[PDB]
Amino acid sequence: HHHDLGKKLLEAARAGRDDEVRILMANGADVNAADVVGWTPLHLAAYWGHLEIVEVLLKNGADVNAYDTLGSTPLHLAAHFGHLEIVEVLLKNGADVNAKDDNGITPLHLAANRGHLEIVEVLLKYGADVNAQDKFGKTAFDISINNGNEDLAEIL
Amino acid sequence: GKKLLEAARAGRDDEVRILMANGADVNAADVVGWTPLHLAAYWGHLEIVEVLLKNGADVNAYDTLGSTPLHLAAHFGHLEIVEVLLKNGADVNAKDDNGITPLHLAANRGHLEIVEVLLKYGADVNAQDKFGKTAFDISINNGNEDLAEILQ
Amino acid sequence: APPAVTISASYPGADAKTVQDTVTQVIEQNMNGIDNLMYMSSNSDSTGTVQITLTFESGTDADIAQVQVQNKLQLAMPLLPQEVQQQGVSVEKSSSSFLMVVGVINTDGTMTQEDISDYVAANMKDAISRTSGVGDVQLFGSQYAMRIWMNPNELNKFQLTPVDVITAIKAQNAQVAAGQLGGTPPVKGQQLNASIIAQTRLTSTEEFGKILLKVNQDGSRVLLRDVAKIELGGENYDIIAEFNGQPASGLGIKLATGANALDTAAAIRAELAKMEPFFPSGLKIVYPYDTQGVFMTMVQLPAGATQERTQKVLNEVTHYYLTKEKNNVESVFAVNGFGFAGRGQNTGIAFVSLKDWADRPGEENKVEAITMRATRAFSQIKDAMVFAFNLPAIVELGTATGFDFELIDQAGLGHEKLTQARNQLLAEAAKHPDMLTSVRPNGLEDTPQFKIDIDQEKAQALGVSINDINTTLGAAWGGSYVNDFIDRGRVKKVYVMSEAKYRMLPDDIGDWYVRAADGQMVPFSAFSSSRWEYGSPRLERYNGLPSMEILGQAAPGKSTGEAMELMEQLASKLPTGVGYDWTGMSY
Amino acid sequence: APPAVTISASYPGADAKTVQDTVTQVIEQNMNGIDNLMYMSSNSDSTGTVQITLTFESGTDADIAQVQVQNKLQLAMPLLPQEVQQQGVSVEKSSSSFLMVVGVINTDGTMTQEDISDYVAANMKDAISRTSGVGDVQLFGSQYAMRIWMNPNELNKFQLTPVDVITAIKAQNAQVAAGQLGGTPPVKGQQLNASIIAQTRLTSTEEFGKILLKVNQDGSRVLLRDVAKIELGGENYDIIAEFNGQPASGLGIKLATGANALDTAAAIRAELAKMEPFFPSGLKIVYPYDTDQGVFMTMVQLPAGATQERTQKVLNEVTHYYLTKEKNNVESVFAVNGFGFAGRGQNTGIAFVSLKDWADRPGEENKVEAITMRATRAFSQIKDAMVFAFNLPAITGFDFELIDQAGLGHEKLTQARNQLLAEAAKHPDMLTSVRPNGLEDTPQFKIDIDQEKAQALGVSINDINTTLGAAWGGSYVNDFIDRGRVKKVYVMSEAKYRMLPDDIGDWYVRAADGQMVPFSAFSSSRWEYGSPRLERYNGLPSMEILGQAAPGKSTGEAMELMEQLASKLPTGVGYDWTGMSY
């Protein structure tokens, strides 16, 4: 899971260039090409919220559960930054809903921290362990108490 | 009674007596609880102290922190006014909210003349404040040799 | 108009004496060796503000004068309190009067006065301040700060003081320089190079609310929102403006010395045109004072008057223009807390704009007739000086008929004896109506102040440090500038201060606790005592010595020199050590 | 040309946002009351550097503009971090282009690049900087500092942190004012008057090595050399230069606004003649850039994130081309890695090219114009690097600024920039090469300190952030004396303990109870994206955009389209014309 055209694809997937990613995928570019920090084109597409590119890469066999060098997956990034549509599609294609990074942080933790209520519901819907704790022993509910998010604490 | 508070402060004897001839409250107070007797004793207007007391001014009036017009006169070296207040019945041992007596304020400023008059009227030389200090401790802490021996 | 350079400094929570003795005097003692300087004057206010005015001979280059004043001020800067340096000391070369007032309102009523004032400070004031020819910009309101309103009951419940709050805010609202991975010099062959990002400035009340103050031994957490209310609010709450009775803010703009008034006005409007398309919904610029067609009304209540009482008088002034003169008056821009004589809870000003010249036919509908009737009607207002005046027309009268007198303490007599000497001169001047009319002080009267004495022996015996006592007292009752934060991409201040209800009455002093060295909480009453006394809310100084400005006019017929001559005679009989000089017109 | 005053400041180890939010905004907010200011622009870099450019109306006295800016900056100095004040801030009134480059090499090869750079910084730069007409001097290198390269393993072994090292250096590298024997006022009959001499600045690596950190409970001593390597080394290591492939340093000199270019160059040459007789053996001055022209420049810009090693490879091929293909035309190449035409960074470089005598380059194909374009074409086949050669005297399409007018923030402004960039690409008949002038966001390492865990263990957050910053960013501790000259002392982790994310966990902080706590016990980390360079224009966040009119189209026509394109941008995004387009 720790992964020129492969480097062309990573730049195209970041800037949202839907035509060029189709061009490079049709020319044998590596779908799972990683940069120096371990981010794949799926990582960058999930980070910068490019939904169409997400679906294109997973169609061509992109590792939905790719790890970066700190253990973070594209579902971590999508849940952290409020990209609900991508969070859905990632879970559709077998994204580990309980993936922990090196800190023990799950996508539920990140969605809870930034208060993305709808994403928290989609993650729970797919079986996210509501009692998963990070390295500091914090659950998604602990995060809502410290943040004062009464709406989140009720959803949980 | 606000105009009399202003009158007793600026030191205008003539205005003041117009006000009680017109019936202004001799015990009127501003927001800090200072009667016209307080104001006259502070700025050292002897004539108004005498006139106000003549018209029934509360000689033991307190402000919001328990200070009397005798405290102000003893503190600021008004020997003429401490006499006039003590003859009219100022509590020579009056304590404010901090346990400070006019003997404390007089001893601190080195007003040895007022210290004698206070003692003569029955000032408790052993009176302490909230910090347990007496007028003698003040004389020792200030280095006032003469004031120190007047309290034995 | 002789050119004048102005030094302004701020000391939050400081009284007039503290300002004068820790800021004003240090600066003034260095204001020598400056070319073409005629005289120097200063005010030190219990608003915590000082203004030093240095007036130069006509023909002096304002650029050179500002440079020479600032170079002497640099000698004093390292001696000034850090609280004063942090507020930003300003040196300006501007006219004393307003060239124009830019008003800002929200026609949809979806923004409070506090909201409008912050929008103007954060999106409008700076670009105007950088416009060439703009010598000074006065905000009629205050930029938002992050306000931490402390609760002394909750702080005592958790053995916490404002010192702990201030310390936690400095630690947890921080911008950390953390280095890089793969920075130079690297191990050769290094591929990765990335900045390390650690803590960054907090950006919202939510973030400040969850600053961690302490962990109890049982594991529970004490957050900042548990001991304080947290909200955006003005750096200060002293200046509040209204436009035709509706909430408003604005910029008072003064012209830089020697700058062209028409060119500068055009640059300001051109700069405003750049910002309008990005206003939020409902915000609108209005123009309540353009420099006849306009005039001002000053409002001066006795020292000690609250902002609520000043607002009542401004309401009466605004009512008059909006009802009695509604056929002549186009708009009123009233400012509470800012006056002709500076800033304070007991002053205010109204800018009045009239309708078209052709829309006001008749003798009785011109500025002089209107201001005369207004001042006569405002003569009725008691416990407040209210005067309506068109600025160029009273300069003319004063210049031709008035004088400007300075009573100077030249022997260390002190403020109280200088007051006594002033009153002796004022009462004697009242005995000569044939030569002098309305001899009056330009300053303020002494007011009751709350004097608190920290018993050093009790504090040492209990293990309570003086720094903690003074920080707790000053932060709670005066407010304390802690550090900066980022509000919507703009650096702004963070202030801690008691919530209002715990800093209103003298018995609230006892509600505040300081933690001793051994951990015990000690109330303020255990090591302090207090009493009422009188003191000044505005200490004046002239040419570096304590002073009291006295104004007046010659009697009908008698010349200015005859009125000045009698003042000098009267002055010669004042107590020893009291001198005098002539300033302003009389110079 | 309208005069420009430049403010420069540095914050060692700070990222671009830290620089912008503690320095740049503070200075901008206090640039009021200055006459004839046209506009203001700023860059805040992840090298820890801010540059603010104040451009004034044509005809403005540059002397007056500089003084007014300096005075306003003086009043704002107490508002800046102490770490920035103590680096010294500069305010200059000079052209943006170089008047000349003074190159220094060692013919005997007995001095390395860093030796030469220190010699120039310590023996040459200051006298050049004081020459009349010299508006700015760039050192192509760094002055030596006393470098304390900390070892986290040995620090933990003796239960010490960088805080302990910094405290001991300040205590034992000190200059003490101690008074006099028989000082005034004296007793009567005093016969002896003499200065008391207490501690004095250390002067050598050996003196720093024996700074005493602690005495163990058994009696043994822990010296600074037991937890660190101590050596002379540059204040920073970002700028290295070469002259025809050989190690070199030098001074880039810019002409002060309004000075005479010829008179200033002659004064510089006369100053250099005074220094030459005292050079160490082998040291020689070369003159690789003196302003056909006979000279030109070549700029190298790699994508943000590129290392110094990779930029050096690109500079090598640029130099190689001039030293082989243009053998008969090129006299010299002075190449600088880490310094660029605009700004400073590990991903930028510049080469100054000097041509042989005009008489020895006959033919139109051997003149500056034909050579520079041949070079640009040859360098256009270089992968992932913008490389082109150009000219610039000692004293064009359009220049466009996208402005955040409503507090939108960096991410939203980037999106609006990209939206406008894609729209301009769909009009190739009118606009060409519409591109951003700035840098793209790059991966950064976001570390979160857990306040609860730190307090639960009794670890002070100040000790944590000092340990992190001193180890990975470096810290200016105080000054020392190197061969009679005041220079700086820096502490920082030795390179091999600050290269990889795993190294974070090798650093320990001492808790109140005396226990050592690793960074992993109270911190967590993740990758994210952020800006290596933040721009502002007239006090608001901004993004500069360059472009040119298409062939057979007027510049005013191209600017008309850009304005119409910008009007359809998201709410709160404004724009302004600047520079050539003003």
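Structure determination for this entry is recorded as X-ray crystallography, at 2.1000 Å resolution.

A. Quick look at the overall build of chain A. A tally of regular secondary structure across chain A gives ten helices and zero strands. Helices and strands appear in chain A in the N-to-C order α-α-α-α-α-α-α-α-α-α. Against the globule reference of 15 Å for 156 residues, chain A gives a C-alpha radius of gyration of 16 Å, in line with a compact fold. Considering only C-alpha atoms, chain A reaches an extent of 50 × 25 × 20 Å along its principal axes. Residues classed as buried in chain A amount to 52% of the 156 residues present. Surface summary for chain A: the accessible area is close to 6700 Å², and the carbon and sulfur share equals 46%. Computed over 12 positive and 24 negative side-chain charges, the separation of the two mean positions in chain A equals 5 Å.

B. Up close: the pairing of strand β29 (residues 540–549) of chain D. All names here are of chain D. Bridging between strand β20 (residues 398–404) and β29 involves six bridges; their strand directions are antiparallel. Along β29, the bridge assignment pairs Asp399 with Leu546. Strand direction decides the pairing type here: strand β21 (residues 431–436) and β29, joined by four bridges, are antiparallel. Looking across to β29, one finds that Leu431 is bridged to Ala549.

C. A look at the interface of chain C and chain D. With 64 residues of chain C at the interface, the matching set in chain D holds 67 residues. Roughly 5600 Å² of surface becomes buried between chain C and chain D when both sides are summed, with 51% attributable to carbon and sulfur atoms. Contact with chain D buries area across many residues of chain C, yet C:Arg130, C:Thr184 and C:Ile197 alone supply 14% of it, more than any other trio. Run the count over chain C and chain D and you get three salt bridges. Between C:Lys93 and D:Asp35 there is a salt bridge, and its shortest N-O distance comes to 3.2 Å. Here chain C is connected to chain D by 27 residue pairs in polar contact. Here the side of chain C that touches chain D is composed, by residue class, of 25 nonpolar, 28 polar and eleven charged. In this sheet, strand β22 (residues 442–449) of chain D lies alongside strand β9 (residues 194–197) of chain C in parallel orientation, the contact comprising two bridges. Residue pairing for β22(D): C:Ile196 is matched across the bridge by D:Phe445.

D. Main features of the pattern of salt bridges. One pass over the structure, following the stated rule, counts 55 salt bridges over all chains. Note that C:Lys492 is salt-bridged to C:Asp487, the shortest N-O span being 2.6 Å. Neither C:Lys492 nor C:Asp487 differs from the other in exposure class; each is buried. A salt bridge links D:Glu271 to D:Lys274; the shortest N-O distance between them is 3.7 Å. Taken as a pair, D:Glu271 and D:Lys274 lie in helix α9 (residues 261–275) at a separation of three residues, close to a single helical turn.

E. Representation of the domain arrangement of chain C. For chain C, the assigned domains read domain 1 (1–97), domain 2 (98–143 + 235–292), domain 3 (144–234 + 446–536), domain 4 (293–395) and domain 5 (396–445 + 537–587). The C-alpha centroid of domain 4 of chain C is placed 30 Å from the C-alpha centroid of domain 1 of chain C.

F. Focus on the sheet that holds strand β23 (residues 480–487) of chain C. All names here are of chain C. With mixed pairing, the four strands of this open sheet are ordered in space as β12-β7-β24-β23. Each edge of the sheet is formed by a strand with only one pairing partner; in this case those strands are β12 (228–234) and β23. For this sheet, the mean angle separating the axes of adjacent strands, direction not counted, is 30 degrees. Helix α7 (residues 162–172) contacts β7 (144–150), β23 and β24 (490–498) of the sheet and is inclined by roughly 30 degrees relative to β23. The sheet contacts of helix α15 (residues 466–478) involve β7, β23 and β24, and relative to β24 the element is tilted by about 110 degrees.

G. How the structure looks around the arrangement of the chains. Considering every one of the four pairs of chains in contact, the largest contact total is recorded for chains C and D. One finds no contact between chain A and chain B; the C-alpha atoms of the two approach each other to within 43 Å at their closest.

H. Focus on the interface of chain A and chain D. Contact with chain A, which involves 18 residues of that partner, is made by 19 residues of chain D. Taking both partners together, chain A and chain D bury about 1500 Å²; carbon and sulfur atoms supply 59% of that area. Considering only the surface of chain A that becomes buried against chain D, A:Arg14, A:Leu70 and A:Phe136 emerge as the three largest contributors, covering 34% of it. Taken together, the links from chain A to chain D amount to two salt bridges.

I. Representation of the side chain of D:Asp21 within the structure. Here D:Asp21 shows up in helix α1 (residues 16–28). When its relative accessible area of 3% is taken as the criterion, D:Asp21 is described as buried. A distance of 3.2 Å separates a polar atom in the side chain of D:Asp21 from a polar atom in the side chain of D:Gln20. If we skip the residues at most four places from it in the chain, D:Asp21 touches C:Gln175, C:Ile486 and C:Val491.

J. Broad picture of the nonpolar core. Formed by 99 residues in total, the largest nonpolar core has its most connected members in A:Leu90, A:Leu123, D:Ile148, D:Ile169, D:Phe208, D:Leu224 and D:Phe519. Here this core gets six residues from one element, more than from any other, and that element is helix α14 (residues 461–472) of chain D. Formed by 49 residues, the second largest nonpolar core is a distinct cluster that contains B:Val49, B:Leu72, B:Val84 and C:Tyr534.

K. Examining a negative patch on the surface more closely. All names here are of chain A. Residues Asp18, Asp19, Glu52 and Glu55 make up a contiguous surface patch of negative charge. Taken together, the elements giving at least two residues each to the negative patch come down to α2 (18–25) and α4 (51–59). Relative to the elements of secondary structure, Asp18 occurs in helix α2.

L. Broad picture of the packing of aromatic side chains. All names here are of chain C. Under the counting rule described, the total for this entry stands at 60 aromatic pairs over all chains. Ring geometry for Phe403 against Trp582: centres 5.7 Å apart, planes inclined by 85 degrees, an arrangement best described as edge-to-face. Here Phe403 is found in strand β20 (residues 402–409), whereas its partner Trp582 is found in strand β30 (residues 578–582), with 179 residues between them in sequence. A single burial state applies to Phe403 and to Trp582, both of which are buried. Ring geometry for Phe405 versus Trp582: centroids 4.8 Å apart, planes at 70 degrees, classification edge-to-face.

M. Seen up close, the environment of C:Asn390. Residues and elements named next belong to chain C. Relative to the elements of secondary structure, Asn390 occurs in the loop between β19 (385–389) and α12 (391–401). Spatially, the C-alpha atoms of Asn390 and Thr371 are 7.3 Å apart, while their sequence positions differ by 19 residues. When neighbours within four sequence positions are excluded, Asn390 is seen to be in contact with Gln292, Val294, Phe295, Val367 and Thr371.

N. Seen up close, helix α1 (residues 16–28) of chain C. All names here are of chain C. For α1, built from 13 residues, the straight-helix expectation of 18 Å at 1.5 Å per residue is missed by more than 12%, its first-to-last C-alpha distance being only 16 Å. Of all bends in α1, the biggest is about 30 degrees, found at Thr22. Buried within α1 are the following residues: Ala16, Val19, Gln20, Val23, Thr24, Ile27 and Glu28. On its buried face, α1 sits against β1 (4–10), β2 (37–45), β3 (49–56), α2 (62–76), α3 (82–87) and β28 (538–542).

O. Focus on a nonpolar patch on the surface. Where nonpolar side chains cluster on the molecular surface, the patch consists of D:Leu181, D:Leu192 and D:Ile196 and spans about 250 Å² of accessible area. Considering the arrangement of structural elements, one finds D:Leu181 in strand β8 (residues 177–181).

P. Local environment of the environment of D:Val477. Among the secondary structure elements, D:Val477 is positioned in strand β23 (residues 475–482). For the pair D:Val477 and D:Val489, spaced twelve residues apart in the sequence, the C-alpha separation amounts to 5.6 Å.

Q. Up close: the sheet that holds strand β8 (residues 177–181) of chain C. Read from one edge to the other, the open sheet built from four strands follows the order β8(C)-β9(C)-β22(D)-β27(D), with strand pairing classed as mixed. Whereas interior strands pair on both sides, the edge strands pair on one side only; in this sheet they are β8 of chain C together with β27 (523–530) of chain D. The mean inter-strand angle of the sheet, taken between neighbouring strand axes irrespective of direction, is 30 degrees. Against the sheet, α14(D) engages β8 and β9 of chain C together with β22 of chain D, with an angle of about 40 degrees to β8(C).

R. Main features of unusual backbone geometry. Omega for the bond connecting C:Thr184 with C:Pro185 falls within 30 degrees of zero, at -5 degrees, which places this linkage in the cis form. Looking at the secondary structure, you find C:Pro185 in the loop between β8 and β9. D:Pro185 follows D:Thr184 through a cis peptide bond whose omega is -5 degrees. By secondary structure assignment, the location of D:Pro185 is in the loop between β8 and β9 (194–197). Of note in this structure, C:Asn244 is not a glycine but carries a positive phi near 50 degrees. Position of C:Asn244 relative to the elements: it lies in the loop between β13 (240–243) and β14 (246–256). You will see that D:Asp384, though not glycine, has its phi angle at about 55 degrees, which is positive. Here D:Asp384 shows up in the loop between α11 (368–379) and β19 (386–390). By relative accessible area, which is 44% here, D:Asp384 ends up partly exposed.

Rules of the game
- Residues numbered from 1 in each chain as written, not as in the entry; some residues may be left out.
- Chains lettered and ligands numbered in written order.
- Part of a larger assembly, values for the part shown.
- Heavy atoms only, no water.
- Helix = DSSP H or I, 4+ residues; strand = E, 2+ residues; numbered from the N terminus.
- Rg over C-alpha atoms; globule rule 2.2 N^0.38 Å.
- Buried < 20%, exposed > 50% of the residue type's maximum accessible area, 1.4 Å probe, protein only.
- Areas by Shrake-Rupley, 256 points an atom, 1.4 Å probe, with all protein chains shown as cover.
- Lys, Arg positive; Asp, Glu negative; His and termini not counted.
- Charge placed at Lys NZ, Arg CZ, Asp CG, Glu CD.
- Pairing = 2+ DSSP bridges.
- Contact = heavy atoms within 4.5 Å.
- Buried area = accessible area lost by both parts, 1.4 Å probe.
- Salt bridge = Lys/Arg side-chain N within 4 Å of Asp/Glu carboxyl O.
- Polar contact = N/O pair within 3.5 Å; in protein donor to acceptor, adjacent residues only side chain to side chain.
- Nonpolar A, V, L, I, M, F, W, Y, C, P; charged D, E, K, R; others polar.
- Domains from an automatic or database assignment.
- Axes fitted to C-alpha atoms, helices over the stretch in contact; angles between N-to-C directions.
- Core = buried A, V, L, I, M, F, W, Y, C linked by side-chain atoms within 4.5 Å.
- Patch = residues over 30% accessible without salt bridge, like charges linked within 9 Å, V, L, I, M, F, W, Y side chains within 5 Å.
- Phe/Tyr/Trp six-rings, centres within 6.5 Å; stacked < 30°, edge-to-face > 60°.
- Expected span 1.5 Å × (residues − 1).
- Bend = angle between axes of the 7 residues up to and from the residue.

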